[PDB]
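Engineer: Handing you this structure, nothing more for now.
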4 protein chains.
Amino acid sequence: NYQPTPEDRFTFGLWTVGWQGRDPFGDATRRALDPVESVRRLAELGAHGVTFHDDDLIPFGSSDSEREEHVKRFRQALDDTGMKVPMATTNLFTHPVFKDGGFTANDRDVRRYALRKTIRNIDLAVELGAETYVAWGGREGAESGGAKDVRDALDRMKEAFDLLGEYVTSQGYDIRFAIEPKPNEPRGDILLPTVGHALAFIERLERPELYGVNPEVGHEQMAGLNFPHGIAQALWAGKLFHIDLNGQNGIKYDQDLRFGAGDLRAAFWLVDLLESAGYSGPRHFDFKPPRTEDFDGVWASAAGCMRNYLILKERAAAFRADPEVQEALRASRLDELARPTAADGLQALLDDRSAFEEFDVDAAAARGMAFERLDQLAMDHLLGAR
Amino acid sequence: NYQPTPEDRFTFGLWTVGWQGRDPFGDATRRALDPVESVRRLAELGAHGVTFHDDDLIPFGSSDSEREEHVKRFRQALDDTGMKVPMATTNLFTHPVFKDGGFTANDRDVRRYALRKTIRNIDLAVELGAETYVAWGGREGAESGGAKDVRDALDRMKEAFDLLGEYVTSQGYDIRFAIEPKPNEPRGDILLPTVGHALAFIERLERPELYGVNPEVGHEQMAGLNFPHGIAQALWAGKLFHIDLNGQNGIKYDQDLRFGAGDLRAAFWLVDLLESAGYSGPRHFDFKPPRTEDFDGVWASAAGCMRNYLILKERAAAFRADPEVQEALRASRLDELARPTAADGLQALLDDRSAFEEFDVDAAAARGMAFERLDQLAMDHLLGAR
Amino acid sequence: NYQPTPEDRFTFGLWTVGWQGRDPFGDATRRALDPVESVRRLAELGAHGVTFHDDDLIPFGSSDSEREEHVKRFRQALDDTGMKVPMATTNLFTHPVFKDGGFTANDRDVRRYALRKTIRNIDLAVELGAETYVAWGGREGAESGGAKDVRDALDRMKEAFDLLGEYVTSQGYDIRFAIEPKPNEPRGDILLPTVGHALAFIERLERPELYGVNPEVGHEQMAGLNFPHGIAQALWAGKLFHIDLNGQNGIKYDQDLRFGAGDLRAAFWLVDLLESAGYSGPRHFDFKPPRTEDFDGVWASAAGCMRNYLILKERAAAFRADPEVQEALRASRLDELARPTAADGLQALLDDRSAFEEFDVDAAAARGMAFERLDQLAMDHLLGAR
Amino acid sequence: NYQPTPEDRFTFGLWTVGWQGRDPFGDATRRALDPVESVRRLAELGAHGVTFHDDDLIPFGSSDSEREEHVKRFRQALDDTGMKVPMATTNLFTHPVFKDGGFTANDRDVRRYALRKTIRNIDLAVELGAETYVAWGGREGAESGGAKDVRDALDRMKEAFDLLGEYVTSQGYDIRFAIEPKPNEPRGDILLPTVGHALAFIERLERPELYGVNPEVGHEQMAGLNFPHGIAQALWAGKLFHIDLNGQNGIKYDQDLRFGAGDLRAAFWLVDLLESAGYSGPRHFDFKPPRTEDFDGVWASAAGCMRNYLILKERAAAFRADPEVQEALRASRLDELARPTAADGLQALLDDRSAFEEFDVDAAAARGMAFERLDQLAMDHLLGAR
Ligand SMILES: OC[C@H]1O[C@H](O)[C@H](O)[C@@H](O)[C@@H]1O
Ligand SMILES: OC[C@H]1O[C@H](O)[C@H](O)[C@@H](O)[C@@H]1O
Ligand SMILES: OC[C@H]1O[C@H](O)[C@H](O)[C@@H](O)[C@@H]1O
Ligand SMILES: OC[C@H]1O[C@H](O)[C@H](O)[C@@H](O)[C@@H]1O
Ligand SMILES: [Mg+2]
Ligand SMILES: [Mg+2]
Ligand SMILES: [Mg+2]
Ligand SMILES: [Mg+2]
Ligand SMILES: [Mg+2]
Ligand SMILES: [Mg+2]
Ligand SMILES: [Mg+2]
Ligand SMILES: [Mg+2]
Ligand SMILES: [Mg+2]
Ligand SMILES: [Mg+2]
Ligand SMILES: [Mg+2]
Ligand SMILES: [Mg+2]
């Protein structure tokens, strides 16, 4: 009954089930979790692996000896459980030194520090077997217009990512970078605010093949955008390296609800797309168990992430396999959308009188698209009414 | 007193001052304008030129003889006034045949018709001297998830733009394309919904140098995004070919208010950016005089577009020239943002102990950014309190 | 299998299935429906009744003889089908005379005309058996700040509704008024923009008992508000006289999707609330079949409205009847929420040392609310996974 | 030059300039301010007074002896500076015990504790001379639909406010309550989310005359609503007891920018309304100096709040005094909006053939409203171009 196994590739950040519940108006409601306990409890729930920021695993300001001790404890728990570490990232947002950003801070010495802190954790990530290194520039942005020249900031952002790309290639590391966009919060506006802006920025880097995107459900929905559409564009570009799954109720602060909460139909179409396209990376949950919950509610919330993915996977597969749905897809001409508009070429199109001079515009206009019947079949499948 | 002249390059679409006021809940409140009158009245207001959709100038379904007559009347008014036509575009959204899109309609014969209708108007645009050809795919999208496979739709969109690029290069035309993004309306979600998505898509075309963006103030604000930030990214990529200026009050239907209305401070920072960067293209207003207005209010609204641009231009220039502002920009380290993070290179950065091992993180963290003082100087300049 | 019958009280506006598909960017895609055909087709689908604006039934500017003919044809179709007319309303938004509003137009003669047009249709509504008369002030508002003094406009709005209340009581009519809020569109901002503002306004009328609200799913969601919460407040006040059911995908133009589309989980909690509270009025669909559809898609879309209500009704009933859910509701202390905080009174509360001086604040703080487990049980029931 | 004096009645919360800069993603960037220093520094800037939560002034868990010491220190600083305390409020949101609310927590013992904590601070507020007691129910709400029965929660909310009203009247206190709405954050949805919902709720309390609203600029804008319109409705109802001034850039997390930032034109129309209506209460700033700033930037930001109010006050007064604006107001028939629609009464309106049978609907429809000219005069005045 919708039981996850490690083969489903479900992963969780240490900072997710470990969120203590401190929000901008309230103190923590839960004690801190030891990373080792989190690994053990997630393994028992059926997770495949965990992810981390450097500062989740090694407390900021630790000596090199305490650092080695923290990593050894962690690696032992991974060995004991069989859990993997597919992705790692850098905390460039919590410490007050990053209050105006890391890679695009106005202060040059902070930008250099940001790069050195990142490079140190890339080495550790590689040692733990991570294949993707995520960058979320949560402090790269501004509250006011004159504080940040955005062209200069983009030069600095490109400079930082180019240097990281030079570092991994000169070390011979087999790791790729994924940029995680977010439109706002904690800065008034954040640079590279959507999947689109991130994809466009990647094409201006020196080695674009090393960089993709790590889109998050809730972040694109904070701009009112269609998350499955944005994922489709990322797949079309060959840039979907990783994904952050959660839920969000509309345009407001980043809620990070468990996956399946928030916009349920968008979650259905997302799963349909990921499974149809054969996305093979981790199904990573970046979520926060609400601060109303005790530790029992934390693990119930984490289990619900995986359960909802598996239910939606079943419903989307039943939808696509239903002969009546396949007939409706042809009724709505989805098959024609997949055929080239003009494989005969430009000159033949120009000479084709059935394309313009003799095109019956009123007869084509009268054809219904039959989209509402198709969408109700999708609703029936989602709700288990078929 | 803030009087425009043709040298300011202010342009208007025929469909703007010509909007009859029909909205989804109401009949037209104004009679149709003859395009010739619009050209004459705009010339008297100080405009530089006009833009058009094919169907604004030539009524849909006109014979080739009526078509020639409509163009000749138009060209005579241009000659009489000295007005230019810097941009043209295609109507691929009003006729019911385009109800599921033009370039990405599920029906293949509609997609071919869409291309032939576009190519016919590219010829006319070139004949009238237009340098930019805009494409707004307002019907390319969906209300429901199963109606549109977005990867196939993007293949079709790329196919269409590649064919248009092949057409202009084989004809030897000196015209470039600009894609105008919009997140939604009239479709539930529109493909390429923001500047970012459009910029990323352009990099996958066969001849990317032929294509840029035509961002619109209100459209990016319908996604809650920072319009000056998005323009900065378009300039950074070298893709700001044209711009649509207007006003918008937040996340709601596309209001198309006169420029300066809506988000006034965003308008200030936009003008500051366009003038600082030396944008040399048309300052094009895509706006709708509210349907409360008679024809006197139409021309008052059009005049206000240009007036507000010129006032904001003066205030932004005074801001940047103020020695106290220049001092505050250095206080906030905008000069340091423009300097390379690591021109000494990767190895020197790795060997630089002042970048990490000996970096005083508490002293850097205590430095204030002085952004609020800078922003209040900007406010004082905008309001004329300095 | 989820078949509606007239006993389910499903009703539709004539303007819904009759929407021809004209939007702000496109011509109609469907021919006009005769109101008589709409009544017949809806009766065959299982609807209970229809609603109308005056101008849906009697074309604007009809003579008194044509008017009588239109009503007689309509009444014959009602007699032939058994369909009821539970609600009627006035079109105070389509004609250009209403461009600045009806009840709050700046021009006094327009406000008087608006009242006379309304009163004429109240007489007809009563003759057809309507129990609720809806007012949607879609043109009452402004695009700019100086155009409308809102205190004066509210005086005029109160004056209009007071006069309507005097009219129905002096005629001895058994009809009540329902105000339908909407935050924006077609005006930049609309007066009484949410359920809350409407409820507050009603308390200042001379006869508040005659007035309630007609909330619409999509309208509250255009302000990012929680529609079931707003309905709960309307029920708590005893003011839910009527309801408009449809779907909406977030903060954007008013989509009027079929009910169940848009925010599916909000639709579930709405149905749960309406059925639990014993709301006995019409389940009215104010929706627009998308303009992609032909007439077959129109009736498929209307049928889907009713189907989705009935599926959600079944799932909500199963949720509330599940013993495991009843146990979880007690685990989350929903039973304690329903018990008075201080039925012992103020003085006993002040003397209760267990309420403050001896209250163990750390022990109460450690109690988990168990909300995530409860919400996953609700998800399982919605998806038919239990 | 726009210098505030105590006669302008500018007030600040202790928690505003005292905000240490901890946000959901970052540690504090500023040390804590002693309340006594804040009073002294604000007095030097020209403020009139300060406001406080109980927990701002007396650290949570203080003994009665430490409590007396904290109040005495505070009162001495008030005496030394001449600063007043016009408003006080309760912190019912920071401590983990309030994680599911205070007045509407599911746990009954928490609701009783919430009432006792409030009543204790009402006594202190009265002792310090406060005239208004604000309640912001920031934790009253839910992230999921089944967690909170909203009708029961509203019963509990009414019960709490009724008990507070009984307490102040039995003590003979001359203090009134103001409810501060907010739509979301930190809860997914907050009860009484807008001015409208709060106004409607007040009419169901046992002693409605004791309760009004404390609207906040940014909170109504988090729902995309027109803040001056909402203030106008609060004034129309006689319920504007207090106001929170700040700035907000659209629909996103609560930014609490300094007043004048965010939506500048809305700030202009707000000041125009408050001054025209003769609002005589405190001009209270609930803002957060961005965490980029050091203490010099904190006081620059606080000074900017007051400066921007005074500049906008001057521009709005010049607008209303300009003879050309007065002429334009009559051109747009603002004078007619203020005249009764039907002072002649219902029967005379029914008998008035010029109101319907002989009303020239086409001639009235052709009249322009001249709103765009009026709005450009308002723009010219705001920018100092007239
Ligand atoms: O970059 C890794 C993570 O860092 C922070 O926790 C962000 O809140 C999250 O969105 C991001 O995915
Ligand atoms: O593409 C040219 C224009 O076409 C339509 O009028 C759109 O509404 C406008 O946004 C666009 O700029
Ligand atoms: O008032 C009845 C109806 O009138 C209009 O059709 C509105 O768009 C709809 O929202 C409203 O319910
Ligand atoms: O109630 C007083 C204040 O409490 C909290 O600080 C809120 O964030 C603020 O909005 C409110 O005004
Ligand atoms: Mg996130
Ligand atoms: Mg997030
Ligand atoms: Mg994330
Ligand atoms: Mg537009
Ligand atoms: Mg627009
Ligand atoms: Mg445009
Ligand atoms: Mg509606
Ligand atoms: Mg609607
Ligand atoms: Mg409606
Ligand atoms: Mg606030
Ligand atoms: Mg706030
Ligand atoms: Mg406040």
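Engineer: Would you work out if segment A:188-341 is rounded, prolate or oblate? Take a ≥ b ≥ c from the square roots of the eigenvalues of the alpha-carbon gyration tensor; rounded if a/c is under 1.5, else prolate when a/b is larger than b/c, oblate otherwise.
Structural biologist: Verdict is oblate for segment A:188-341.
Engineer: Under 5 Å between amide hydrogens, which residues at least 5 positions from C:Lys84 or on another chain qualify, with H placed 1.01 Å from N in the peptide plane?
Structural biologist: Under 5 Å from the amide H of C:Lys84 lie the amide H atoms of C:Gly49, C:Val50, each far enough along the sequence or on another chain.
Engineer: Relative to the longest principal Cα axis of chain B, at what angle does helix B:295-321 sit, 0 to 90 degrees, rounded to 10?
Structural biologist: The angle comes out at about 20 degrees.
Engineer: To continue, here is another question. In whole Hz, with x marking every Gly and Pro, tabulate ³J(HN,Hα) for segment A:280-292 from phi via Karplus 6.51 cos²θ - 1.76 cosθ + 1.60, θ = phi - 60°.
Structural biologist: 10, x, x, 9, 9, 9, 10, 9, 10, x, x, 6, 5
Engineer: If each Cα of segment C:1-96 is one equal point scatterer, what is log10 of I(q)/I(0) from the Debye formula at q = 0.20 Å⁻¹?
Structural biologist: So the normalised log intensities work out to -1.06.
Engineer: While we're on this one: How long, wide and thick is segment C:33-188, going by the Cα atoms along their three principal axes, in whole angstroms, largest first?
Structural biologist: 52, 34, 30
Engineer: What are the residues whose amide H is under 5 Å from the amide H of D:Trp136, where those residues sit 5 or more places off or on another chain and H is modelled from the backbone?
Structural biologist: Those lying under 5 Å, H to H, from D:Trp136 are D:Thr90, D:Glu180.
Engineer: Something else: State the Cα centre-to-centre distance between segment C:360-381 and segment C:228-298 in whole Å.
Structural biologist: Segment C:360-381 and segment C:228-298 have Cα centres spaced 29 Å from each other.
Engineer: Also: Could you tell me what percent of the DSSP beta bridges with both partners in chain B are antiparallel, to the nearest 5?
Structural biologist: Bridges in chain B are about 15 percent antiparallel.
Engineer: Continuing with this model, one more query. Please identify every one of the GluC sites (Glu not before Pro) in segment B:149-246 that sits in a loop by DSSP and has no more than 15 other beta carbons within 10 Å of its own beta carbon.
Structural biologist: Answer by residue number: B:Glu206.
Engineer: Place the label 7 angstrom along Cα→C-beta at C:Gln326 and in each other copy, then list the distances from the first to the rest in nm, shortest first.
Structural biologist: Sorted ascending, the copy-to-copy spacings read 4.6, 7.3, 8.0 nm.
Engineer: Provide Rg over Rh for the protein assembly as shown; use the alpha carbon set for both Rg and the Kirkwood Rh (inverse mean inverse pair distance).
Structural biologist: Result for the protein assembly as shown is an Rg/Rh of 0.94.
Engineer: What ³J(HN,Hα) values, in whole Hz, does the Karplus curve 6.51 cos²θ - 1.76 cosθ + 1.60 give for segment B:120-132 when θ = phi - 60°, with x put for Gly and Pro?
Structural biologist: Karplus-based 3J(HN,Hα) across segment B:120-132 equals 4, 7, 4, 4, 5, 3, 4, 4, 8, x, 5, 9, 10 Hz.
Engineer: While we're on this one: Rg over Rh of segment B:309-386, using C-alpha atoms and the Kirkwood radius, what does it come to?
Structural biologist: 1.17
Engineer: Could you estimate the translational diffusion coefficient of chain D from the Stokes-Einstein equation, with Rh from the Kirkwood formula over C-alpha pairs, at 20 °C and 1.002 mPa s, in whole µm²/s?
Structural biologist: Using the Kirkwood radius from Cα pairs, D works out to 94 µm²/s.
Engineer: Beyond 26 Å between alpha-carbons counts as too far, so tell me which of D:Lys99/D:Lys158; A:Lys313/C:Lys182; A:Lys72/A:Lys313; D:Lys158/D:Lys288 fall in that bin.
Structural biologist: Going by Cα-Cα distance, A:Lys313/C:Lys182; A:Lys72/A:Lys313; D:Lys158/D:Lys288 fall outside the 26 Å limit.
Engineer: At q = 0.18, 0.23, 0.25 Å⁻¹, what log₁₀ I(q)/I(0) does segment D:284-348 have when each alpha carbon counts as one equal point scatterer in the Debye sum?
Structural biologist: For segment D:284-348 at q = 0.18, 0.23, 0.25 Å⁻¹, log10 I(q)/I(0) is -0.79, -0.96, -1.03.
Engineer: Can you list the copy-to-copy distances for B:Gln347, using a point 7 angstrom from Cα toward Cβ, in nanometres, shortest first?
Structural biologist: Reported distances to equivalent positions: 5.6, 8.9, 10.4 nm.
Engineer: Defining the label point at 7 Å along Cα→Cβ, can you sort the distances from A:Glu209 to the same site in each other copy, shortest first, in nm?
Structural biologist: 2.4, 8.1, 8.1
Engineer: Here's a follow-up. Between B:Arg367 and B:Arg40, 0.36 nm times their residue separation minus their Cα-Cα distance comes to what?
Structural biologist: 111.9 nm
Engineer: Quick check for me: using +1 on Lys/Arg Cβ and -1 on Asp/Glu Cβ, what's the dipole size of chain C about its Cα centre, in debye to the nearest 20?
Structural biologist: Result for chain C is approximately 780 debye, rounded to the nearest 20.
Engineer: Another one. In degrees, nearest 10, range 0 to 90: what is the angle between the Cα axis of helix B:64-81 and the longest Cα principal axis of chain B?
Structural biologist: For helix B:64-81, the angle is close to 50 degrees.
Engineer: Evaluate the charge dipole of the protein assembly as shown about its Cα centre and quote only its size in Debye, nearest 20, assuming +1 on the Cβ of each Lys and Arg and -1 on the Cβ of each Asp and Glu.
Structural biologist: It works out to roughly 0 debye.
Engineer: Given only helices, namely DSSP H runs of n ≥ 4 each adding -39500 (n - 2.57), what is the per-residue ellipticity at 222 nm of the protein assembly as shown, to the nearest 500 deg cm²/dmol?
Structural biologist: The helix-only estimate for the protein assembly as shown comes to -14500 deg cm²/dmol at 222 nm.
Engineer: Out of all DSSP beta bridges in the protein assembly as shown, what portion is antiparallel? Express it as a percent rounded to 5.
Structural biologist: Here the share of antiparallel DSSP bridges comes out near 15 percent.
Engineer: Can you give the % of DSSP beta bridges in segment C:151-299 that are antiparallel, to the nearest 5?
Structural biologist: Around 10 percent of the beta bridges assigned by DSSP in segment C:151-299 are antiparallel ones.
Engineer: Measure nothing but the geometry: give the 0 to 90° angle between the long axis through the Cα atoms of C:227-236 and the longest principal axis through the Cα atoms of chain C, rounded to 10°.
Structural biologist: Helix C:227-236 sits at roughly 90 degrees to that axis.
Engineer: Closest approach to the A-B rotation axis by any Cβ of A: residue and distance in angstrom?
Structural biologist: A:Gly196, 2
Engineer: Apply the Kirkwood formula to segment D:103-158: the hydrodynamic radius equals the inverse of the mean of 1/r over all pairs of different alpha-carbon atoms; give it in Å with one decimal.
Structural biologist: That comes to 12.8 Å for segment D:103-158.
Engineer: Residue farthest toward the positive end of the dipole of chain A, with Cβ of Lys/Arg at +1 and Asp/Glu at -1: which of A:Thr90, A:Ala385, A:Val71?
Structural biologist: Final value for the positive-end residue is A:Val71.
Taken together, the values in this text are just the output of simple stated rules run on the coordinates, not laboratory data. Cβ coordinates were reconstructed from backbone atoms using ideal geometry, including for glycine residues, and neighbour counts include every protein chain displayed.
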